[PDB]
């Protein structure tokens, strides 16, 4: 490829500086087999208007090439129509002033997996170089506002596998420069094993005689328990929570001191996380990435944050924290003690159906900001010191005010929410929820009979239509899975993990098929306790389902 225009070379130091913060076009060009094969529609350019409008400077563009080869060995030719769509998407992003990073995505485990026992590594190395040569040529003439990323979370388990990770970086660089254009001065992102901080710290080595301006990219989905909703962990924000996060990011930067560091994916998704812990986590992540000179990019698979169809951010409180990292935000407080028998969150006004309406006190972490005003989701501004009262970290709400939203007999569900405008930082939102214990359409079932697939139990949600976690106990008292949760406190013992074991939708609570075969295998009746928010205790806001055997 030959390029007719000019190219403003940018340094890796400057590139990462100007991309902060970023957002992912998730489950789009990375979907399999086609871009709308998963949860997302055909990509539309308006989406990038929203990303710009919400304050992001850059867009990371994951692309799965696995299903877009028109020839096999040797040529391994990629469809020109796909290369054209990828090229056009990059144009939509840059032409709205957003920086771009494009990659080879789920090819990482679909065919580029070197840890698999039968992996033809010579055929992998060829197919990778054939691929980046074709990507390189088509994008060879793109402005410096486009960067190339080697490969997404590449499987890696050994020091021996890590050298194969570094080789992926070399094959990639030799292909992109042989493709010509502006690529010899294009910014690139090299990767380590699994894009894990430690695997990269343990095994990553910089390619010898490298000439492209380059930065390092890693992903952060830690701590596993809170981020993935495992073992009943529904709280984050303790001093140990903070030290462990700061420790993970600090040992990476300590290994790679003068290297620009891109945090390519991160997400405490509003789908599964409790809001106050979620907002505390993103605040301390942005705070951490700034301390270690790292530019973050949030993962958004289309459902976690931006609704592309409306321009509405589902979690606008988060978005403001990442897009204005130079401000101190005051956040609602929440339980962070792993041994507490009750859990609270200042992101909610909870009221139980059939109880008297009482005053509600929500502790906030003001962080030297002052409260300016409060606004409900119906447009009325609340009257200070009559409709709500501040005392230090407490923000107290009169029963007479709250009765103007719910009663002892009013319907259960989500009520309006309060948006609290502070002197600086993001403006957190408190959600009023009228809640009762949900009821299920079934209370027991023969594991044998319900076998086949996942077990859907229709549920009457009452309040928050989210499932918090599930307890799993055999009849003789042994835990169904993961014995080690016995050290996880009143809300963690015998609890199971989101998606793997339990799930939910609009009309059901879901036990995955794998859970049932753990009950069938255990061979004794198992009590599953579905738990919901608020977790006022381990028993009130719960409902039992038993699998007989």
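Positions refer to the first chain, counted from 1.
Comparing 517-525 with 49-57, the higher mean C-alpha B-factor in the PDB entry belongs to 517-525. Between 267-275 and 320-328, it is 320-328 that carries the larger average Cα temperature factor according to the deposited entry. Comparing the C-alpha B-factors of 383, 314, 106, 142 in the entry, the top value falls on 383. In the deposited coordinates, the residue among 181, 223, 155, 74 with the greatest CA B-factor is 74. Annotation for residue 3: CA B-factor lies in the highest third of the chain's modelled residues. For residue 408, the recorded CA B-factor ranks within the highest third of the chain. Only modelled residues enter the ranking. The PDB entry assigns residue 228 a C-alpha temperature factor belonging to the lowest third of its chain's modelled residues. Among the modelled residues of its chain, residue 493 has a C-alpha B-factor that falls in the middle third, as given in the PDB entry. Ranked within its chain, residue 113 lands in the middle third, by CA B factor from the PDB record.
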